[PDB]
Amino acid sequence: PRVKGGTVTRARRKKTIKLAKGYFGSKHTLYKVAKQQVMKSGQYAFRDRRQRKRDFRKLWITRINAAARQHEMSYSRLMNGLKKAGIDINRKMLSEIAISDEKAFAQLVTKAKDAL
Amino acid sequence: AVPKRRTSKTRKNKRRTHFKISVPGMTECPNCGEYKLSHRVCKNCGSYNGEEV
Amino acid sequence: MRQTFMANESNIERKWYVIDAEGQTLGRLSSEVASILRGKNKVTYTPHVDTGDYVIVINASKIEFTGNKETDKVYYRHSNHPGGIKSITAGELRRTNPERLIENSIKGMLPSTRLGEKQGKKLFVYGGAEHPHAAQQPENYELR
Amino acid sequence: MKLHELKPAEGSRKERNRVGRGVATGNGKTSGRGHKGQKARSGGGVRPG
Amino acid sequence: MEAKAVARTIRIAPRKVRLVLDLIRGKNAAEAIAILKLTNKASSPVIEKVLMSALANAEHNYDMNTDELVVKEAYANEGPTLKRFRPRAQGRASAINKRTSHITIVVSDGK
Amino acid sequence: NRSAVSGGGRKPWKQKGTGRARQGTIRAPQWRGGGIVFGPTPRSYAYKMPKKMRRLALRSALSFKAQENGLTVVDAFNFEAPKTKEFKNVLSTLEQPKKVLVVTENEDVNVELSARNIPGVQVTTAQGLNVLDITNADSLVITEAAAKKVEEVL
Amino acid sequence: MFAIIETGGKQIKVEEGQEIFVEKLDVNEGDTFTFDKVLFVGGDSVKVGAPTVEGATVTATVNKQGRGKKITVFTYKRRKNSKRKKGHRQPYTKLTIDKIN
RNA sequence: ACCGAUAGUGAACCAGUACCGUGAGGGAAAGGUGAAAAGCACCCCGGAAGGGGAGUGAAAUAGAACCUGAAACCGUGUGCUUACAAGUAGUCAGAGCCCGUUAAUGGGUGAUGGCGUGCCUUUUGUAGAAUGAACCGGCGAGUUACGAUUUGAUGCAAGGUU
RNA sequence: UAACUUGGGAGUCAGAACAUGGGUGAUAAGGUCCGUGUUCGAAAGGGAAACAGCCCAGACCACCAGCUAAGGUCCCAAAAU
RNA sequence: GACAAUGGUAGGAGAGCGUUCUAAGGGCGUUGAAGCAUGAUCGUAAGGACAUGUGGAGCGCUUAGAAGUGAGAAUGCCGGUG
Ligand SMILES: [Mg+2]
Ligand SMILES: [Mg+2]
Ligand SMILES: [Mg+2]
Ligand SMILES: [Mg+2]
Ligand SMILES: [Mg+2]
Ligand SMILES: [Mg+2]
Ligand SMILES: [Mg+2]
Ligand SMILES: [Mg+2]
Ligand SMILES: [Mg+2]
Ligand SMILES: [Mg+2]
Ligand SMILES: [Mg+2]
Ligand SMILES: [Mg+2]
Ligand SMILES: [Mg+2]
Ligand SMILES: [Mg+2]
Ligand SMILES: [Mg+2]
Ligand SMILES: [Mg+2]
Ligand SMILES: [Mg+2]
Ligand SMILES: [Mg+2]
Ligand SMILES: [Mg+2]
Ligand SMILES: [Mg+2]
Ligand SMILES: [Mg+2]
Ligand SMILES: [Mg+2]
Ligand SMILES: [Mg+2]
Ligand SMILES: [Mg+2]
Ligand SMILES: [Mg+2]
Ligand SMILES: [Mg+2]
Ligand SMILES: [Mg+2]
Ligand SMILES: [Mg+2]
Ligand SMILES: [Mg+2]
Ligand SMILES: [Zn+2]
């Protein structure tokens, strides 16, 4: 028995075209261009999920450094001081405290300074 | 000689920005009230400068 | 859980500072100003917004160099015309256009992005000790 | 047994392999023949011995 | 209330027709008629007939007042192309497209 | 295939110089209206199995009927003339299911004629028994003589 | 008053009456969960743990045990006819903080 | 357990025709209103074409290559956005604005920041300025027969099998 | 923690750099030919601005958690003015 | 429960998805089949539903069987349109 191409070809390509909605020009229209872009989008997303973790860690440190400098301490010493104190608040939580509650951050700084 | 790459719809349409025709320089004819080209005889009533042409 | 604060124009507050360039090395002053302009000294620092403060530099004419930079440090500019290379020494630039010397030094320490260009526009440099931004009520800043 | 509940003996039947039907199968494109040479050609290869 | 007329398979290329349609879109019918009369393009007389037919169907079919009518919609859709060939040098033939337009005019009383 | 399709003897255009893909005939597979590569070709699907397995298969199908209580033994079927209604009535009295395989020792014309038009009912001889017919049927109605004959054969 | 609590290999800054999303916990919906490890206590009274504040706990009520939005994980190596497509939905527990300490 | 209009005859149709060649010869494309023709009386714009009503019909968005009607491609309108900016066009982060769903720790858009030189082939190595593809659609490549061998399955077994 | 034997199925027989022992060339070559090791090939991630072959290290998937390697910590650009 | 493995080209091995047809069973459909279109749905992947619009008469599901069974690339063929 003969099997004609049928509807499977259209159904599959349409899914790819829908995945490339919002892309520029032909990239949101034609199957070949969108497929390539959707492939690139996957590879990028995979890479960027890992990169996101590196970026947010970087931001938290930057904000902590600024907060520490206001208390006349370097980030490097503050974190070394916190470790000696035995304080295990992570950089994200430290950054949030520095922004939200200055008085609480000041207390943590004193603990770090005392440990040194 | 020949296009290295095809022109996208975007590029083509940007080029066509100034590809347009203006409205005719027309004013209402005083005698009949139909629009006529300025400095031309009114086609409807065949009058120019308040005189039949 | 995602809990990181994000600064936005609604919550951002930009201050005005005056820094005296008298008796300061160009680069060391420059690097410090660049951080202030980019909001690096703020706990609310956010990369995709401008959290930095406006900086006024005065007495740019009195900025200092080390070694033989005055004669041996040369700025090169091209006009995009063949053989269109033009050079003036750092010392001559200090004499003629001290504000440019400071401005170019700091801008070279700022990112080449739309945001970075915007942050550079917040810098105001003056060769003399007098500035015209009294209305901004700027605060003196001492370099660390 | 029933004509609506037929089952072959376990291990009795295996599905044939089909080459040149995409990358994921592991037999797509070159179809297990590797790259170039007499052996990769249609009707290609040397006589036994 | 809206009244419409369509001229199908007009043997003029849509691109050419669309230039004139751009002039009259969103204008009062009386002004549109004047523009069409005094504009020197091939599409203008055909478009005028579509507009006149649309205004006629407003007055007759829907008893709208012609003077208050506005050209709400004016557009040209592509019709089927007449495929032709032109003999070129060295025995080669280059294709010629004789394109057609479907011209639609909608007139509205604004109510 | 490419040889069987009409025409296509000559080379469509010269090997080189035209800027076109090289082509050897208009009836090549990738051409519209070209020959098919490796399509269906006439062949038999029939194969054989050893006789002992054929016998085992029949006994296995018949035994499944007995285990499922699909075996009904009747003394004889008496039909002077073919009447479908009478046969239908007999099946109802026998309380037989919709799908029934009726077995006779030898060909009986009246029984075959009587049950021919009734959907779900199949009539076979004892020698005619085949696994497909037995497996398909919900129940089997066998004459005493047929049942004895089957026992001797298998 | 805020508290710093440790769950799912991460630390979360929490306040009373706040919904949180954490790595899946072994609890049914509508159950009460106590976060044993409190690193820091904020508010007017500040307490610093080294590494944990002793006797400090946060009580939360489980609202939902769910799976996150599907992540399509796709990678490829150009010209190698090699690619992999996998779907992922990360399990999570949604809770609401009832009381701190 | 053959095809179903690019399939199946080259030819479902006025096809060995049209068309091409001096000739031998080569050789297409092209099926579908509706149940019924009930195939749009009449009115209106227009020279006509074409259209708007009215009417027929279950349906005319079934009105003549008249079932369905994808995509490329071409328009019209609209929510968000864009004229100091260096772009494999995404991806990750993210205000503002506009919406509201298979109700889901929603949808559209996107100021601005980080990261990022298509795909295939062939290669020691290709962003490659090596190859290939204008785009979209359809079509397009390990098959079958008979032997051989090996593995799995099954029947029987010093027998097994025609 | 492999190894060997027997049997079914392969692909490969254009290699590259780097380091090091040598021939050749000129103690030329991103040269060429043999020995040895590694990487690439067939390997993404971090460093060397960019940069198959160098240095660090081998990506099952998810996380806005932590510690380190090479390499770094004035600004670009995370961390010592 | 514990802990071990899970980069990969040629290539070997395994398990599957989906297409058309057949058998048997069990179903759906003018109170609307297939196809088509749209959606914020589900599964580890191939892929599977559901709703609505369009459409107007066929078509799923289960188990097994059989193949003209899957296209993005061949200066591929034909058609349409840039
Ligand atoms: Mg078929
Ligand atoms: Mg196909
Ligand atoms: Mg990390
Ligand atoms: Mg298989
Ligand atoms: Mg392989
Ligand atoms: Mg391929
Ligand atoms: Mg090849
Ligand atoms: Mg080779
Ligand atoms: Mg080979
Ligand atoms: Mg000629
Ligand atoms: Mg060409
Ligand atoms: Mg054929
Ligand atoms: Mg068929
Ligand atoms: Mg068709
Ligand atoms: Mg045909
Ligand atoms: Mg034909
Ligand atoms: Mg602007
Ligand atoms: Mg971006
Ligand atoms: Mg290779
Ligand atoms: Mg180029
Ligand atoms: Mg070549
Ligand atoms: Mg090309
Ligand atoms: Mg070597
Ligand atoms: Mg820094
Ligand atoms: Mg691994
Ligand atoms: Mg693997
Ligand atoms: Mg295999
Ligand atoms: Mg096929
Ligand atoms: Mg194609
Ligand atoms: Zn007049």
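Protein chains get the first letters and strands the later ones, always in sequence-line order, with residue 1 at the start of each. All heavy atoms count here, side chains included; hydrogens, waters and symmetry mates do not.
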What's [X] touching, base or sugar-phosphate or nothing? Going by heavy atoms closer than 4.0 Å.
X	value
G/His88	base
G/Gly87	sugar-phosphate
E/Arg99	sugar-phosphate
D/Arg33	base
F/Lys51	sugar-phosphate
E/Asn61	base
G/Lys80	base
G/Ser82	sugar-phosphate
A/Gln43	nothing
F/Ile36	base
D/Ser31	base
A/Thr62	sugar-phosphate

Is any side-chain N or O of [X] closer than 4.0 Å to OP1 or OP2 of [N]?
X	N	result
A/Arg12	J/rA71	yes
D/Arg13	J/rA66	yes
F/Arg20	J/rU75	no
A/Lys4	J/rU20	no
G/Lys86	I/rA62	no
G/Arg89	I/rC61	no
C/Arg38	H/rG113	no
D/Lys36	J/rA10	no
A/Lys14	J/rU38	yes
D/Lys14	J/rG14	yes
A/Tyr44	H/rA89	yes
A/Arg50	I/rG46	no
F/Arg10	H/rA24	no
A/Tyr31	J/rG72	yes

Original post:
Just wondering, more than 12 heavy atoms not from F/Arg2 lying within 6.0 Å of its CZ?
Top reply: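 Counting neighbours around CZ of F/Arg2, 12 or fewer heavy atoms of other residues, nucleotides or ligands fall under 6.0 Å, so no.
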Subject >> 5' precedence on RNA chain J between G/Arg84 and D/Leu6 (nearest-nucleotide basis) >> reply: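 Upstream on the strand: G/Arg84.
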Subject >> Whichever of F/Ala21 and D/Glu5 has its nearest RNA chain J nucleotide further upstream toward 5' >> reply: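 Of the two residues, D/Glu5 wins.
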**OP:** Round to the nearest Å and state the distance from C/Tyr45 atom OH to H/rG114 atom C1'.
**Re:**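 Those two atoms, OH and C1', are 10 Å apart.
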**OP:** Examine the six-membered rings in the bases of H/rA93 and H/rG94 and report whether their centres are under 5.5 angstrom apart and their planes under 30 degrees.
**Re:**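 Judged on centre distance and plane angle, the pair counts as stacked.
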**OP:** Evaluate the stacking of H/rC66 against H/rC67, requiring that the six-membered ring centres lie under 5.5 Å apart and that the ring planes differ by under 30 degrees.
**Re:**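 Base stacking between H/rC66 and H/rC67: absent.
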Original post:
Between the side chains of G/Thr93 and G/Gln65, does any donor sit under 3.5 Å from an acceptor?
Top reply: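 A pair is found: one side chain offers a donor N or O, the other an acceptor, under 3.5 Å apart.
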**OP:** May I ask you to check whether A/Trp60 and A/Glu96 show a side-chain donor-acceptor distance below 3.5 Å?
**Re:**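 Judged by distance alone, the side chains do not pair up.
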Subject >> Pairing partner (Watson-Crick or G-U wobble, both distances under 3.5 angstrom) of I/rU6 >> reply: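 Base partner found: none.
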**OP:** Determine which nucleotide pairs with J/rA15, using a 3.5 Å limit on both distances of a Watson-Crick or G-U wobble pair.
**Re:**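 Partner of J/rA15: none.
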Original post:
Does the distance from a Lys or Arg side-chain N to an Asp or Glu carboxylate O, for G/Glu19 and G/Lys94, drop under 4.0 Å?
Top reply: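 Between G/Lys94 and G/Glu19 there is a salt bridge, with a charged N closer than 4.0 Å to a carboxylate O.
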Original post:
For the side chain of A/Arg47 and the base of H/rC115, is some donor closer than 3.5 Å to an acceptor across the two?
Top reply: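 For A/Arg47, whose side chain was compared with the base of H/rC115, there is a donor-acceptor pair (under 3.5 Å).
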**OP:** Look at the side chain of G/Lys10 and the base of I/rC63, then say whether one donor and one acceptor between them are separated by less than 3.5 Å.
**Re:**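 Answer yes: a donor N or O sits under 3.5 Å from an acceptor.
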Original post:
Which one, J/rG43, H/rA89, H/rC92, comes nearest to the side chain of A/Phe24?
Top reply: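 It is H/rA89.
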Original post:
G/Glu23 and G/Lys10: salt bridge (charged side-chain N to carboxylate O under 4.0 Å, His left out), yes or no, with the steps?
Top reply: CA-CA 9 Å; G/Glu23 290 290 357; G/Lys10 277 99 68 187; 2.8 Å; yes
Original post:
E/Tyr75 stacking on H/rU76: centroids under 5.5 Å, ring planes under 30°?
Top reply: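 Whether judged by distance or by angle, E/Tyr75 falls short somewhere, so it does not stack on the base of H/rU76.
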Original post:
With rounding to whole Å, what would you report as the distance between J/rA24 and H/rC120 at their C1' atoms?
Top reply: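 To the nearest whole Å, 47 Å.
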Subject >> H/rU123 vs H/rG128: Watson-Crick/wobble pairing, cut-off under 3.5 Å >> reply: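 Not paired: H/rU123 with H/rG128 fails the WC/G-U check at 3.5 Å.
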Original post:
By sign alone, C1'-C2'-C3'-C4' of J/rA57 puts its sugar north or south?
Top reply: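 South pucker for J/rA57; the sign of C1'-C2'-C3'-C4' is negative.
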Original post:
Using the purine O4'-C1'-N9-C4 or pyrimidine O4'-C1'-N1-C2 torsion, is J/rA4 syn (within 90° of 0) or anti?
Top reply: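 That one's anti.
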